[PDB]
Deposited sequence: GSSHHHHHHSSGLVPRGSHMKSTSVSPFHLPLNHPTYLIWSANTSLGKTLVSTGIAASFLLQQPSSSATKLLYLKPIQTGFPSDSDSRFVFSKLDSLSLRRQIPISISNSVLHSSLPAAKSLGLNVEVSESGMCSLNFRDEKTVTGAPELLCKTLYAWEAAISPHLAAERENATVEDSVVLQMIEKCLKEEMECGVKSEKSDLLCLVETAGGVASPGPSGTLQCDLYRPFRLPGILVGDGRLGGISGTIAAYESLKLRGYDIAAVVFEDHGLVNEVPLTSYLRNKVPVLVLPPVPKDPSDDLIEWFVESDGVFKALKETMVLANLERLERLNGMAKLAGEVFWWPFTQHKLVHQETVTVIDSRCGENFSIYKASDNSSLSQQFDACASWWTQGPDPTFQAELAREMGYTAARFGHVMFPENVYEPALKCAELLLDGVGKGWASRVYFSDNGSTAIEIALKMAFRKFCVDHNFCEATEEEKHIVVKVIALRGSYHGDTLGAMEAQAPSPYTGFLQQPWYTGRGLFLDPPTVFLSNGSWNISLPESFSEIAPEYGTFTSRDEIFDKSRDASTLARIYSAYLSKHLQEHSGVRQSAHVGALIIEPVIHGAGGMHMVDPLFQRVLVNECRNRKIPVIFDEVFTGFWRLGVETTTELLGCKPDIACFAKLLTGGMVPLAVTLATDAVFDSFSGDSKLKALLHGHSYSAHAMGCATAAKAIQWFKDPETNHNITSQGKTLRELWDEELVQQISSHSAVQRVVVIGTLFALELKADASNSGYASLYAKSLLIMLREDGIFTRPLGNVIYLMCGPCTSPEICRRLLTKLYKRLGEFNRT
């Protein structure tokens, strides 16, 4: 996780294309910042050129260093100046005549500095981080010169330099255009994204420059960057008018006077003539940062005054614990802490933002482009009796995948809770059609959860959460059975039977592996027969079975014995009771599979999906049904149809995003966790760390499967772990004594390993064992 100080402004200098005067602009800003009269000892300009090709003939570090030297003399204001090149290809080093040693990556480390100090004066500090010799775009230079630098290495160097230096202003000058490939091949705009630094855009004042400037600006916006200003060289075409117009005058557009064409010109008098514009640029950049922090420093207090957060007792919430989230990039929030030293730092989103979370940084950026396109093409268009490409594509993908082998209809709605209410209407018709047309109720497992609208609530068993104070109209309309659960403890997997159960011999009740728990061999066991009897015993009329397959999420991340659910499902189907799988939580790879029908070994009549359905970008819900359930609403009367609808039913925005995620999560080319056969994710959670955590004395049980790692503490332990993890850069949310880490379908195991290591070390702080 990165740490970025936010106390002093730091800006990316972007450009529409090469040869627009990017370096001239940096130099200009620097000169206006350093060569102020109210001369302060405190004043320092940090200039970073991370990537530089054409070295040493070209060097934008040297250019800035050298030009400010001249402007210092010209303006009669002394300054301290330095220029450094930290790394360069072998070819590049051989030019300087250094003959340094090559490293693993093909890069040499240099001791090439050049100082000209003046004590007490304002300080200019120029660094080039990596340099290549060929005067060509970085990706090409890298391969020809056999010298690479990985993306995160570049970002780490930048981070390192920033931390060391931090009145103060830092300029990070990019290489080539907004969307030019860096050394690794990554587009520059993607390379810098994890930092999401604010920037300025050097536009193009030539003919064709309005388009090139707008396109570049937009590509930036489309990755989440903010641009405080556009500046360009005047060529007499008045480009700034359409530009200002397009920007709705929300971002200043500054015009530099023409640059001397004579190749032998010192440029000094141009800089002097351009001073007004650079002054405006500097001021704009400084004020935008000021204004940006003013907002951040106020956000938490203001949130507590104006929001009414869901599921949260406001009286217990204090300003100090409201988290300020400035952005996300894949699995990581960037969070602002004034406490720190004003800074933005990464934090892993281990609650997966209410179990929605899913995209990689690469996927997030892809989705953003898919969504902008969908807004522009479709906005929202009326669903009933209509068809449009994204809703249809989404239905095909659902039916051919998660719906394969049972479903033939897709009914759209807005979220899990609406999908469920629909599912209950669906189940009850089918039930009534199959039993000659009278009070109906559900059969469910106590602990299961199905959303917070009234209908969804009724399928939930009575509890402190459903009393009169929460919903006066709740009546608990169900037969609720207590489920066998299963968990890891001290190296092995166990069954835990409810009181109502027989009491089984210790021989049964223990398993070698998680796999056995799910092995259909178990249909032949005494436990199955006991399960069957138990259910036959218990089975107003039961008109629907509703279950959370495998995991009861909201109920505390318990694993329900899959055998028991499979037996329950069969019994209900035998008695013509429609079966609903509430897969809102489990769907789309949460548990390592596309649908838990692969885990339970049986298929439903009706099923609900949401959360990960749209890869965590936006709400959309879906209820799949069998032909037979559909038929039970077929008739001549509109009164007979299923009359539930929401205005945004099947919104193109959500459909497009889901179609995109459903394919991306499942494709071995985009999801490297997807296994050779395409039905399952590889194990994401370090096997040894999981055993160790399962064996710790503070830990009552562990449930681990696909993207979910959960433990229940034997609670002060639980309050404390939450705080401790948060100090480790891990953000999660309490579930009573249950603590959990939830990654996305594409998260790398290496990341997961780090999460478990941190968690385990914190456990050792309660007791060594």
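- For this chain, the deposited residues without C-alpha positions form the stretches 1-26, 193-201, 473-481, 584-592, 768-776, given in sequence order.
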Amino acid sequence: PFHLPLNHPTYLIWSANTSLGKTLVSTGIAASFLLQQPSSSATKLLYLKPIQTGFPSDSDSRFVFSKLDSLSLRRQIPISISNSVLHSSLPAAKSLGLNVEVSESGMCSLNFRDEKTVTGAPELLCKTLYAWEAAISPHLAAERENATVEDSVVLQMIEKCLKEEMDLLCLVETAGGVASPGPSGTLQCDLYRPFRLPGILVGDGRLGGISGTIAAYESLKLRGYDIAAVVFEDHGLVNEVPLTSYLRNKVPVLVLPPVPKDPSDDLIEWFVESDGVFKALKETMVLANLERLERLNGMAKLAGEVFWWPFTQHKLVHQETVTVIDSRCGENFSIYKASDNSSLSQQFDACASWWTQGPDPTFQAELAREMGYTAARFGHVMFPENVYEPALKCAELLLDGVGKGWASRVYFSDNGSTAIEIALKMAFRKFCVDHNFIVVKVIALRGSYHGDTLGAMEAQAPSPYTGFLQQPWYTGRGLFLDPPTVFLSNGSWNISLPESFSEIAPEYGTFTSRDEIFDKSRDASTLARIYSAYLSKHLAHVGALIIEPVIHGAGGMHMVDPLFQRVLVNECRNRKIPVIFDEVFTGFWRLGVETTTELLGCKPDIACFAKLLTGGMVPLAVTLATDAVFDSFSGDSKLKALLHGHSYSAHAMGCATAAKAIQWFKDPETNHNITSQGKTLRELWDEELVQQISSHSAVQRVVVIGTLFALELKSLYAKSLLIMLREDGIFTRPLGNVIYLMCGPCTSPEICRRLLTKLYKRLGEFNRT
From here on, numbers count along this sequence of modelled residues.
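- For the segment pair 322-330 and 502-510, the entry gives 502-510 the higher mean B-factor, averaged over Cα atoms.
- Stretch comparison (408-416 versus 546-554) by mean CA B-factor in the PDB entry places 408-416 on top.
- The entry lists C-alpha B-factors for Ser26, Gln700, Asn737, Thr53, and the highest of these is at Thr53.
- The PDB entry assigns its highest CA temperature factor, among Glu173, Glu164, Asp349, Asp360, to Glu164.
- Annotation for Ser211: CA B-factor lies in the lowest third of the chain's modelled residues.
- For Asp60, the recorded CA temperature factor ranks within the lowest third of the chain's modelled residues.
- Per the deposited record, the Cα B-factor of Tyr717 falls in the highest third when ranked against the other modelled residues of its chain.
- When the modelled residues of the chain are ordered by their C-alpha B factor, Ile751 lands in the middle third.
- Ranked against the other modelled residues of its chain, the C-alpha B-factor of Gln37 as given in the entry falls in the highest third.
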